[PDB]
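What follows is a short report on a single structure.
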Number of protein chains: 6
Amino acid sequence: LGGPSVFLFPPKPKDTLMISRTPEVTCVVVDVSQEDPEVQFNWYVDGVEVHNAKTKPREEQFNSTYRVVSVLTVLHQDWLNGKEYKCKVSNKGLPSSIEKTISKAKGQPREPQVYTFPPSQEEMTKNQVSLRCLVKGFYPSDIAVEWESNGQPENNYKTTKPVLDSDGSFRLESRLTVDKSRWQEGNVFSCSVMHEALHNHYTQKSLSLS
Amino acid sequence: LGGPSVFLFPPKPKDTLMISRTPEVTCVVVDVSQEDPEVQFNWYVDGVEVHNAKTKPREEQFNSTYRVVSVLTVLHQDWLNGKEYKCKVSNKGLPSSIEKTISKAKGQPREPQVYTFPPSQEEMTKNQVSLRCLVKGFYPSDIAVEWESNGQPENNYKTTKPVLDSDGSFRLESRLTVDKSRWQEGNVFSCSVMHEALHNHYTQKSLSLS
Amino acid sequence: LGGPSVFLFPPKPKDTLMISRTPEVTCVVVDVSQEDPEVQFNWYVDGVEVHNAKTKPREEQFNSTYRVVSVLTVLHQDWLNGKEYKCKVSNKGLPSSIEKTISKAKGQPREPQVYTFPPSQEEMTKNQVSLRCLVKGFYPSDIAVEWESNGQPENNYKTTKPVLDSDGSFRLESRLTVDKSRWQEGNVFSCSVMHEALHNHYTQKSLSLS
Amino acid sequence: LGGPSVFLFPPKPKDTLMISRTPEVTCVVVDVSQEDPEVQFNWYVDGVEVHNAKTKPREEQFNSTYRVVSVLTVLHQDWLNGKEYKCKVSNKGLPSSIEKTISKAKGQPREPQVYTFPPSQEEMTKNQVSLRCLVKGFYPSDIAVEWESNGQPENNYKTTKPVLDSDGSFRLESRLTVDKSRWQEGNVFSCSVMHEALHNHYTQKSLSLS
Amino acid sequence: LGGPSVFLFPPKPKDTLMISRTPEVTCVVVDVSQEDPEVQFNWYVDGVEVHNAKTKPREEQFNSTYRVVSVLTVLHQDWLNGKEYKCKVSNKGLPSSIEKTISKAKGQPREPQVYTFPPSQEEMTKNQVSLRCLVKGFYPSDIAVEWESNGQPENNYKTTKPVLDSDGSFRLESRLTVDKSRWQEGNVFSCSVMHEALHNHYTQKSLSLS
Amino acid sequence: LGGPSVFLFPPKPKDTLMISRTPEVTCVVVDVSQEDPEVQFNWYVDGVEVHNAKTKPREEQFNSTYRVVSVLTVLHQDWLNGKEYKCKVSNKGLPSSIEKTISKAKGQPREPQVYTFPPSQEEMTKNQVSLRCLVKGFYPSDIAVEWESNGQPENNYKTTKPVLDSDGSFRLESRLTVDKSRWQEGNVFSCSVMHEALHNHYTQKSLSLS
Ligand SMILES: *[C@@H]1O[C@H](CO[C@H]2O[C@@H](C)[C@@H](O)[C@@H](O)[C@@H]2O)[C@@H](O[C@@H]2O[C@H](CO)[C@@H](O[C@@H]3O[C@H](CO[C@H]4O[C@H](CO)[C@@H](O)[C@H](O)[C@@H]4O[C@@H]4O[C@H](CO)[C@@H](O[C@@H]5O[C@H](CO)[C@H](O)[C@H](O)[C@H]5O)[C@H](O)[C@H]4NC(C)=O)[C@@H](O)[C@H](O[C@H]4O[C@H](CO)[C@@H](O)[C@H](O)[C@@H]4O[C@@H]4O[C@H](CO)[C@@H](O)[C@H](O)[C@H]4NC(C)=O)[C@@H]3O)[C@H](O)[C@H]2NC(C)=O)[C@H](O)[C@H]1NC(C)=O
Ligand SMILES: *[C@@H]1O[C@H](CO[C@H]2O[C@@H](C)[C@@H](O)[C@@H](O)[C@@H]2O)[C@@H](O[C@@H]2O[C@H](CO)[C@@H](O[C@@H]3O[C@H](CO[C@H]4O[C@H](CO)[C@@H](O)[C@H](O)[C@@H]4O[C@@H]4O[C@H](CO)[C@@H](O[C@@H]5O[C@H](CO)[C@H](O)[C@H](O)[C@H]5O)[C@H](O)[C@H]4NC(C)=O)[C@@H](O)[C@H](O[C@H]4O[C@H](CO)[C@@H](O)[C@H](O)[C@@H]4O[C@@H]4O[C@H](CO)[C@@H](O)[C@H](O)[C@H]4NC(C)=O)[C@@H]3O)[C@H](O)[C@H]2NC(C)=O)[C@H](O)[C@H]1NC(C)=O
Ligand SMILES: *[C@@H]1O[C@H](CO[C@H]2O[C@@H](C)[C@@H](O)[C@@H](O)[C@@H]2O)[C@@H](O[C@@H]2O[C@H](CO)[C@@H](O[C@@H]3O[C@H](CO[C@H]4O[C@H](CO)[C@@H](O)[C@H](O)[C@@H]4O[C@@H]4O[C@H](CO)[C@@H](O[C@@H]5O[C@H](CO)[C@H](O)[C@H](O)[C@H]5O)[C@H](O)[C@H]4NC(C)=O)[C@@H](O)[C@H](O[C@H]4O[C@H](CO)[C@@H](O)[C@H](O)[C@@H]4O[C@@H]4O[C@H](CO)[C@@H](O)[C@H](O)[C@H]4NC(C)=O)[C@@H]3O)[C@H](O)[C@H]2NC(C)=O)[C@H](O)[C@H]1NC(C)=O
Ligand SMILES: *[C@@H]1O[C@H](CO[C@H]2O[C@@H](C)[C@@H](O)[C@@H](O)[C@@H]2O)[C@@H](O[C@@H]2O[C@H](CO)[C@@H](O[C@@H]3O[C@H](CO[C@H]4O[C@H](CO)[C@@H](O)[C@H](O)[C@@H]4O[C@@H]4O[C@H](CO)[C@@H](O[C@@H]5O[C@H](CO)[C@H](O)[C@H](O)[C@H]5O)[C@H](O)[C@H]4NC(C)=O)[C@@H](O)[C@H](O[C@H]4O[C@H](CO)[C@@H](O)[C@H](O)[C@@H]4O[C@@H]4O[C@H](CO)[C@@H](O)[C@H](O)[C@H]4NC(C)=O)[C@@H]3O)[C@H](O)[C@H]2NC(C)=O)[C@H](O)[C@H]1NC(C)=O
Ligand SMILES: *[C@@H]1O[C@H](CO[C@H]2O[C@@H](C)[C@@H](O)[C@@H](O)[C@@H]2O)[C@@H](O[C@@H]2O[C@H](CO)[C@@H](O[C@@H]3O[C@H](CO[C@H]4O[C@H](CO)[C@@H](O)[C@H](O)[C@@H]4O[C@@H]4O[C@H](CO)[C@@H](O[C@@H]5O[C@H](CO)[C@H](O)[C@H](O)[C@H]5O)[C@H](O)[C@H]4NC(C)=O)[C@@H](O)[C@H](O[C@H]4O[C@H](CO)[C@@H](O)[C@H](O)[C@@H]4O[C@@H]4O[C@H](CO)[C@@H](O)[C@H](O)[C@H]4NC(C)=O)[C@@H]3O)[C@H](O)[C@H]2NC(C)=O)[C@H](O)[C@H]1NC(C)=O
Ligand SMILES: [Zn+2]
Ligand SMILES: [Zn+2]
Ligand SMILES: [Zn+2]
Ligand SMILES: [Zn+2]
Ligand SMILES: [Zn+2]
Ligand SMILES: [Zn+2]
Ligand SMILES: [Zn+2]
Ligand SMILES: [Zn+2]
């Protein structure tokens with residue numbers, strides 16, 4: 001309500017949960033005038049100023065104003081251990097600097113419980129069938145759910161937003177629609193869940209009479 | 001060489017790699033006399049004295065002396081982040097206290113590569129067959145390898161000690177011997193590897209036409 | 001639900017807000033059997049074990065069980081800066097230790113706004129009158145409200161529990177009932193509010209033609 | 001004695017004692033030549049370099065030289081908890097960098113005791129009278145004393161510099177001169193003292209039969 | 001003035017300046033009654049409670065009272081880097097605990113300058129002669145001065161207490177009296193100075209045509 | 001193997017062992033193209049970015065490429081206490097940044113033992129003679145050995161590289177060749193060893209009948 005305004009978004013859950021990826025916190029300044037084109041960002045991790053952020057190139061919004069975005073890459077462990085990320089924004093149209101802070105949801109982590117369901121007898125009169133994955137009992141709400149078969153990703157799924165349950169955990173459901181034939185032919189499908197409360201240092205390779 | 005002596009052992013790799021378990025560092029004092037029965041342990045984590053250790057009940061060794069053991073439970077993250085554990089031992093037979101320190105091997109972690117092999121044609125003339133799991137390219141050397149089938153553990157395996165390779169990584173091999181019939185009947189077997197460089201926040205549940 | 005149980009209470013707001021006082025966190029273990037009389041408390045400040053707690057003398061509850069209380073004195077600045085206090089409780093009736101953690105409410109502090117009101121014309125037909133103190137706009141909810149006149153405390157007041165308002169702040173009201181005569185004779189009454197968002201390093205002494 | 005020279009000044013006591021204000025440490029470089037116009041400042045808080053300082057625009061001194069000023073805003077709590085502020089100054093006329101450090105006076109804080117005195121009978125034969133405020137027993141010496149009446153500031157006062165007393169505390173006196181009539185008419189005057197050893201989280205609102 | 005009282009002494013300068021030695025801070029409680037024999041010491045290093053102190057056995061003073069001494073061994077680097085050592089003392093005769101804190105003198109270290117002088121012509125008419133060692137310009141005042149000849153210590157010296165000079169440094173003088181004959185026969189004597197501002201990682205071994 | 005490459009060198013042992021000197025860690029980027037002239041260095045001390053490094057002016061190598069050098073001055077105590085220095089290098093020819101880290105050798109410090117030897121009878125038939133200094137038993141390997149006579153440096157010496165001994169310590173030898181006459185005339189020569197395990201706060205001044 002009145003000035004250029006700032007919003008501060010956390011990383012994608014998938015990015016926080018795969019050590020191979022690069023999670024980032026994103027600081028977005030909107031409603032900046034052509035009069036005052038330039039914006040200065042200062043970034044802090046638990047109050048200590050850090051220097052690795054990258055400002056994306058500013059770009060005119062169709063309502064005359066500019067939108068400027070700074071992204072800060074965060075360390076996998078730092079984010080999940082609860083460090084606080086602050087974005088401070090400075091601008092000629094803005095008599096005092098504005099600051100916003102973000103960090104991971106606080107509270108005891110709770111492990112998702114995962115249940116799958118094959119299509120109904122009803123469901124299988126159609127050319128497509130839907131496979132269901134119910135995921136309950138998790139905290140915090142940040143989660144990523146995907147599907148695979150035969151070591152390859154299956155992307156024709158829809159997943160609901162986590163809904164808070166009666167016990168303070170979250171719940172969601174994912175549905176993957178495939179060709180009935182693919183299901184009929186005995187292909188195995190996998191609902192894959194990534195969540196901070198799953199935590200392991202394990203892989204495996206399997207062998208059979210082939 | 002001369003006095004009661006102390007040895008300081010790291011936790012089991014399996015215990016460091018499963019967040020559900022309780023890894024401990026163990027401090028063992030041997031060659032203590034009946035004259036001076038009592039031993040005092042002080043324990044330090046990066047130099048800060050901590051109080052959670054538990055001394056097991058002292059017990060006569062068959063060469064007249066006593067053996068006393070203190071165990072300190074370590075935090076999963078602390079161990080893997082390289083904190084240093086010191087055990088200081090004090091004893092009436094010991095004019096000055098002795099101290100020993102341990103911590104995880106230092107150096108860039110490198111991920112194991114895992115390869116399985118079915119039995120040879122030679123191998124299958126016998127009532128038993130052996131399945132092979134080769135694991136290379138890992139650092140540090142701390143690793144745990146096990147086997148399973150049908151969601152249950154297979155414990156009839158032998159695994160070699162990690163051997164340093166020409167590139168500074170480690171290598172080992174595990175062999176699981178089972179009844180040829182069990183292999184013939186198409187049961188799937190899994191070589192499971194736990195190592196710090198595997199690190200994930202992932203589970204899955206699979207479904208097929210059953 | 002099943003065992004000896006533990007509750008962990010914060011200090012009194014007055015104690016946290018007067019640097020002269022001694023705020024304490026209190027850890028209470030109930031449902032302990034005569035069988036296992038003794039309880040061990042470990043206390044931690046942001047995870048660092050501390051040693052200054054004092055256990056009050058255990059005392060039989062009228063339902064056969066014992067109730068044991070440990071109190072830890074906390075530093076004025078530590079509490080208000082958000083340090084986390086953990087109480088771990090150990091007991092022969094309790095196969096594993098139980099732990100609870102407490103800390104000050106998190107969120108931006110917001111300053112109380114204070115308004116007083118004299119009695120209504122209605123109100124003053126009676127031998128007593130009531131003075132009203134409305135306090136709004138404060139966060140967190142921890143607050144202490146009292147009254148005084150002529151440099152002496154007035155303790156015949158009733159104060160409501162803070163109620164969350166539509167904007168995420170808290171609100172309450174305090175009423176002090178005094179003899180109508182005392183109000184009539186022009187005595188000045190003061191509603192006094194202590195809250196973390198009031199913060200000053202100020203005193204004054206006043207002088208007039210006396 | 002020889003070169004451009006640097007002086008490093010603490011914040012104003014009033015600024016350190018009102019959480020609403022912005023205390024700053026000020027680093028002043030004098031005797032800089034037109035030859036070497038530019039000066040680089042590095043600033044450190046307990047040895048950690050910080051980036052928020054602002055250099056005021058350099059300005060010719062009437063003896064040919066330049067005077068350059070950097071100001072660093074300090075956090076209320078940091079200053080009063082004793083953090084050390086260092087200013088390092090670099091300049092083409094200056095073969096090596098110069099550094100200066102400042103921090104709050106060390107020693108146990110001691111609370112001011114405040115006493116007021118009305119004018120003498122002598123004093124009141126004149127058109128003006130003087131009101132006296134004696135403040136003793138305080139440590140450290142940083143203090144701010146002001147006056148008010150009727151919720152408005154009274155600025156016609158003179159206050160002595162703190163003088164070290166026989167017990168290692170400091171003492172001062174403040175005198176406010178007002179029109180005898182204003183004193184005669186029963187206006188209340190307040191001597192207000194701000195000092196780190198006063199520390200409260202208290203406000204009040206007063207009510208009377210009006 | 002009134003109660004059992006506590007004094008807290010720093011380590012000996014020699015002990016702080018030789019890494020082979022064991023510097024200790026010593027906390028002494030006097031004026032304790034036979035009524036309340038026992039004293040509890042808590043010790044803190046920069047506010048963190050530590051456990052390595054040793055209480056010497058309490059001992060009756062000839063004025064009916066007891067004197068109890070706790071000594072805490074300090075780390076060479078910790079002391080010289082300015083860590084603060086606190087001793088808190090608790091006693092049945094003492095309604096509240098008393099605490100004292102000590103640390104090394106603060107201020108920029110300044111290196112001693114050392115000058116020797118042979119005996120006067122006057123001086124050498126006597127059977128003994130005195131050798132003089134003047135040491136100036138050092139800060140802080142903690143210093144240890146000794147003498148040697150032929151790789152063996154010379155202990156017949158007297159050294160003055162450091163005296164503050166006009167520039168804020170300290171000064172002292174040491175005199176070693178030996179038999180005139182020993183000086184006559186060409187023996188080399190060495191004034192040895194230990195001070196924190198001397199700091200080296202150097203030794204040497206010398207060789208000549210022997 | 002493929003790209004511009006980076007090497008990261010520790011300070012000179014002499015520079016780490018004399019508090020008067022300025023030890024630096026040096027980060028060298030080679031194989032940079034004229035196409036992408038500019039290189040960005042980020043430097044970290046135990047993971048905290050620091051700003052005091054200085055980039056030397058880039059300079060063409062005779063194989064068409066450029067060589068760029070950044071030097072970071074390190075604190076005497078920091079280096080010897082084991083802090084880790086990281087150099088991160090960024091360049092248009094280099095699709096991702098490269099990083100290297102260095103720190104002092106880890107392991108218990110062990111003090112050098114120093115032995116000198118005069119020339120053999122054989123050796124002294126020649127116009128020059130050689131003096132030998134054997135230094136053993138030291139850890140880590142960083143060491144500086146030099147020679148002096150009559151308070152002046154003797155620079156005509158050759159010193160071997162430290163060689164690892166059978167017990168995990170290092171050994172070396174230094175030989176100083178001088179004119180036989182200088183040795184004959186009874187001049188004293190000194191082998192001087194600097195090593196972290198020598199550590200003192202000692203100087204001396206000597207006096208004799210002159
Ligand atoms: C002039 O025009 C401006 C431009 O807008 C136009 O742009 C055109 C191109 C076109 O798109 C037009 O349709 C559009 O109008 C306009 O700017 C807009 O201003 C709005 C009002 O100020 C902004 O509204 C806010 O939006 C927040 C959510 O934003 C996300 O979702 C919207 C769509 O729903 C999307 O448009 C945004 O781009 C944004 O998407 C997210 O983007 C981030 C950043 O990139 C992504 O995260 C990063 O991205 C990468 C991607 O690979 C990677 O994932 C990184 O790792 C990751 O970090 C996200 O993935 C992406 N998400 C999604 C879902 O898409 C709202 O949350 C916010 O609501 C809050 O504020 C309200 C009042 O200000 C308040 O009433 C409300 O309750 C809420 O308040 C918060 O609520 C919390 C809980 O309820 C509380 O706990 C908080 O305390 C509380 N906080 C506050 C401060 O109140 C808000 O409504 C709008 O985003 C912005 N448009 C854009 C494009 O940014 C401008 O206003 C116009 N001027 C006028 C009309 O005068
Ligand atoms: C056997 O008998 C036992 C003894 O009880 C008897 O004792 C007799 C003498 C007599 O009093 C009898 O009437 C009495 O029955 C019995 O023990 C009792 O067990 C109960 C169930 O387990 C306990 O219930 C809990 O009580 C909490 C509040 O306790 C305070 O208030 C009650 C009265 O309302 C009072 O009786 C208590 O003493 C306690 O008073 C506080 O005491 C503390 C500690 O001294 C004070 O703080 C300190 O004190 C000093 C004082 O100078 C100074 O101020 C210090 O600085 C300060 O630190 C407080 O000032 C004082 N407060 C008040 C108001 O008086 C409840 O909060 C708690 O509720 C939670 O748990 C429920 C389930 O376990 C759950 O359903 C509920 O939702 C809630 O859960 C929490 O909710 C939060 C928000 O909603 C969430 O965020 C949390 O996550 C969530 N947590 C959990 C774990 O769920 C609970 O009901 C009872 O206190 C206890 N009695 C006593 C005396 O301690 C035993 O059970 C019997 N066995 C049987 C029947 O088998
Ligand atoms: C060329 O000309 C230069 C310019 O000067 C001219 O400028 C004209 C415009 C006009 O003003 C002329 O009259 C003037 O000559 C000239 O520069 C001057 O050089 C002097 C010598 O080097 C400087 O002397 C030092 O002054 C210190 C005190 O300075 C304050 O007070 C004077 C007046 O008394 C004032 O003029 C200064 O501006 C300064 O005022 C303070 O300013 C600061 C910074 O802005 C304020 O603090 C900040 O300000 C804002 C304001 O809103 C806000 O409050 C912020 O939060 C806050 O941080 C202060 O409020 C303000 N205070 C006051 C009272 O006004 C002396 O302390 C210092 O003494 C020390 O050094 C001596 C030797 O160098 C030494 O002998 C002495 O003992 C003392 O030493 C210290 O003593 C301590 C205890 O006793 C020890 O513990 C210490 O260890 C010890 N330290 C040292 C290093 O020894 C010193 O005399 C002079 O300030 C400077 N002029 C200006 C304007 O800055 C230049 O020298 C000329 N060249 C020639 C002749 O060749
Ligand atoms: C009952 O009897 C009690 C026992 O005393 C008797 O014991 C007999 C056996 C016999 O000795 C009798 O003669 C004797 O009377 C009696 O206890 C005594 O109470 C006194 C008053 O309360 C104590 O006075 C204080 O003494 C301090 C100095 O003490 C040292 O020096 C004296 C001799 O000068 C010596 O007797 C002490 O033992 C002590 O010696 C030091 O001992 C320490 C500890 O072992 C050594 O350090 C350690 O030791 C080992 C050794 O190998 C190793 O070196 C460790 O590493 C090391 O840590 C020292 O080496 C050793 N030093 C020396 C020189 O020998 C005074 O400093 C102190 O003065 C302060 O307090 C006054 C008021 O309380 C105040 O007015 C004064 O100004 C000063 O105040 C301080 O001043 C500073 C600067 O000026 C300020 O910055 C401070 O802020 C300020 N502080 C305060 C609090 O004010 C004080 O006078 C006396 O020591 C004590 N006796 C003993 C033996 O301990 C008891 O009082 C009697 N009851 C009655 C009469 O009712
Ligand atoms: C194009 O041309 C480029 C320029 O080179 C030419 O320059 C001309 C002017 C002329 O000199 C020509 O002859 C020359 O060819 C060329 O660049 C070169 O590339 C090489 C290959 O990439 C580089 O090789 C590396 O050299 C390291 C040692 O370098 C020092 O020693 C050499 C001579 O032996 C010297 O030439 C260097 O300048 C360097 O000297 C050191 O310099 C530093 C920095 O200034 C000093 O330290 C600082 O200096 C100041 C001085 O006052 C002060 O002391 C500071 O405080 C201090 O910090 C040193 O004092 C000084 N030392 C000496 C002794 O002089 C090798 O260590 C390195 O080996 C490692 O890498 C190999 C593979 O990359 C690997 O196989 C090998 O095993 C080893 O690997 C390491 O081994 C460790 C233990 O065994 C392991 O623990 C490690 O994990 C492991 N690490 C890795 C990554 O494997 C390497 O061979 C060469 O230095 C470089 N030339 C220059 C001048 O920098 C370019 O390649 C050409 N392109 C082509 C042909 O396509
Ligand atoms: Zn920085
Ligand atoms: Zn892990
Ligand atoms: Zn402890
Ligand atoms: Zn992880
Ligand atoms: Zn304050
Ligand atoms: Zn406070
Ligand atoms: Zn050193
Ligand atoms: Zn030292």
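Residue numbering restarts at 1 for every chain of the structure tokens, chains are lettered A, B, ... in their displayed order, and ligands are numbered from 1 as they appear.
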Hey, could you make a per-residue contact list for chain A against ligand 2 with 12 Å as the cut-off, showing the nearest pair of atoms and its distance in Å to one decimal, counting only C-alpha atoms and all ligand atoms, sorted by chain and number, as JSON lines?
{"residue": "A:107", "atom": "CA", "partner": "ligand 2", "partner_atom_place_in_ligand_line": "89 (O)", "distance": 10.2}
{"residue": "A:108", "atom": "CA", "partner": "ligand 2", "partner_atom_place_in_ligand_line": "89 (O)", "distance": 10.7}
{"residue": "A:167", "atom": "CA", "partner": "ligand 2", "partner_atom_place_in_ligand_line": "89 (O)", "distance": 11.1}
{"residue": "A:168", "atom": "CA", "partner": "ligand 2", "partner_atom_place_in_ligand_line": "89 (O)", "distance": 10.3}
Give me a file of those residues, with N, CA, C and O atoms, as a PDB file, in the first residue's frame.
ATOM      1  N   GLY A 107       9.171 -26.091  13.154  1.00  0.00           N
ATOM      2  CA  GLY A 107       8.284 -27.128  13.743  1.00  0.00           C
ATOM      3  C   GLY A 107       8.933 -28.476  13.556  1.00  0.00           C
ATOM      4  O   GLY A 107       9.802 -28.581  12.713  1.00  0.00           O
ATOM      5  N   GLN A 108       8.551 -29.504  14.325  1.00  0.00           N
ATOM      6  CA  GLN A 108       9.232 -30.817  14.233  1.00  0.00           C
ATOM      7  C   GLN A 108       8.970 -31.452  12.854  1.00  0.00           C
ATOM      8  O   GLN A 108       7.814 -31.529  12.468  1.00  0.00           O
ATOM      9  N   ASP A 167      -4.607 -33.088  12.650  1.00  0.00           N
ATOM     10  CA  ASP A 167      -3.473 -33.218  13.599  1.00  0.00           C
ATOM     11  C   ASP A 167      -2.274 -32.287  13.358  1.00  0.00           C
ATOM     12  O   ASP A 167      -1.198 -32.535  13.899  1.00  0.00           O
ATOM     13  N   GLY A 168      -2.421 -31.257  12.519  1.00  0.00           N
ATOM     14  CA  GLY A 168      -1.322 -30.336  12.249  1.00  0.00           C
ATOM     15  C   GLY A 168      -0.323 -30.795  11.188  1.00  0.00           C
ATOM     16  O   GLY A 168       0.593 -30.046  10.844  1.00  0.00           O
TER      17      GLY A 168
END
Site check for ligand 13: residues at most 7 Å away, only C-alpha atoms and all ligand atoms, as a PyMOL selection string:
(chain E and resi 17+19+76-77+199) or (chain F and resi 199-201)
Kindly export the residues of the current selection with N, CA, C and O atoms, as a PDB file, in the first residue's frame.
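To be explicit, this is the file written out as again_36.pdb:
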ATOM      1  N   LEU E  17      53.957 -16.785  29.578  1.00  0.00           N
ATOM      2  CA  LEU E  17      54.894 -16.530  28.506  1.00  0.00           C
ATOM      3  C   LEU E  17      55.750 -17.724  28.041  1.00  0.00           C
ATOM      4  O   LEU E  17      56.492 -17.606  27.059  1.00  0.00           O
ATOM      5  N   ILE E  19      55.208 -21.550  26.809  1.00  0.00           N
ATOM      6  CA  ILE E  19      54.168 -22.458  26.357  1.00  0.00           C
ATOM      7  C   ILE E  19      54.311 -23.826  27.047  1.00  0.00           C
ATOM      8  O   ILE E  19      53.312 -24.541  27.137  1.00  0.00           O
ATOM      9  N   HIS E  76      47.313 -21.116  27.136  1.00  0.00           N
ATOM     10  CA  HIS E  76      48.298 -20.083  26.790  1.00  0.00           C
ATOM     11  C   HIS E  76      47.725 -18.972  25.856  1.00  0.00           C
ATOM     12  O   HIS E  76      47.803 -17.771  26.129  1.00  0.00           O
ATOM     13  N   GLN E  77      47.122 -19.411  24.774  1.00  0.00           N
ATOM     14  CA  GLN E  77      46.570 -18.557  23.752  1.00  0.00           C
ATOM     15  C   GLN E  77      45.336 -17.818  24.277  1.00  0.00           C
ATOM     16  O   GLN E  77      45.170 -16.628  24.036  1.00  0.00           O
ATOM     17  N   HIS E 199      57.862 -12.253  20.508  1.00  0.00           N
ATOM     18  CA  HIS E 199      56.998 -13.334  19.999  1.00  0.00           C
ATOM     19  C   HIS E 199      57.813 -13.809  18.898  1.00  0.00           C
ATOM     20  O   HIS E 199      58.066 -13.035  17.980  1.00  0.00           O
TER      21      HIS E 199
ATOM     22  N   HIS F 199      58.442 -21.658  19.912  1.00  0.00           N
ATOM     23  CA  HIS F 199      57.374 -20.682  20.195  1.00  0.00           C
ATOM     24  C   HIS F 199      57.859 -20.137  21.448  1.00  0.00           C
ATOM     25  O   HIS F 199      57.975 -20.891  22.408  1.00  0.00           O
ATOM     26  N   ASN F 200      58.238 -18.862  21.442  1.00  0.00           N
ATOM     27  CA  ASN F 200      58.643 -18.235  22.655  1.00  0.00           C
ATOM     28  C   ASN F 200      58.368 -16.735  22.680  1.00  0.00           C
ATOM     29  O   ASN F 200      57.959 -16.120  21.686  1.00  0.00           O
ATOM     30  N   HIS F 201      58.482 -16.160  23.857  1.00  0.00           N
ATOM     31  CA  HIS F 201      58.222 -14.771  24.095  1.00  0.00           C
ATOM     32  C   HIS F 201      59.436 -14.161  24.879  1.00  0.00           C
ATOM     33  O   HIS F 201      59.253 -13.404  25.806  1.00  0.00           O
TER      34      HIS F 201
END
Expected answer as a VMD selection string: chain D residues within 9 Å of chain C, only C-alpha atoms
chain D and resid 17 to 19 114 to 118 131 133 147 183 to 210
If we count only C-alpha atoms and set the cut-off at 12 Å, which residues sit around range 91-106 of chain C, ignoring sequence neighbours fewer than 5 positions away in its own chain? Please answer as a PyMOL selection string.
(chain A and resi 106-108) or (chain C and resi 2-13+16+24-47+65-66+68+74+76-86+139-142+196)
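When DSSP is run on the backbone, the residues of range 3-200 of chain F that fall into alpha helix (DSSP H) are residues 13, 14, 15, 16, 17, 76, 77, 78, 79, 80, 180, 181, 182, 183 and 184 of chain F.
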Between CA of residue 110 in chain D and atom 72 (C, counted along the ligand's line) of ligand 4, what is the spacing in Å?
20.0 Å
Select the residues contacting ligand 6 at a distance of at most 6 Å, based on only C-alpha atoms and all ligand atoms, then format the selection as a PyMOL selection string.
(chain A and resi 50) or (chain D and resi 50) or (chain F and resi 50)
Correct to one decimal, the distance atom 63 (C, counted along the ligand's line) of ligand 4-CA of residue 51 in chain E is 25.9 Å
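Reported to one decimal place, the separation of CA of residue 89 in chain F from atom 23 (C, counted along the ligand's line) of ligand 5 is 16.0 Å.
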Which residue of B:179, B:137, B:155, B:48 approaches ligand 8 most closely, using only C-alpha atoms and all ligand atoms
B:48
Identify all residues of range 51-120 of chain C in strand (DSSP E or B) (DSSP on the backbone) and supply them as an MDAnalysis selection string.
chainID C and resid 54:55 59:60 66:73 85:91 94:102 110 113:117
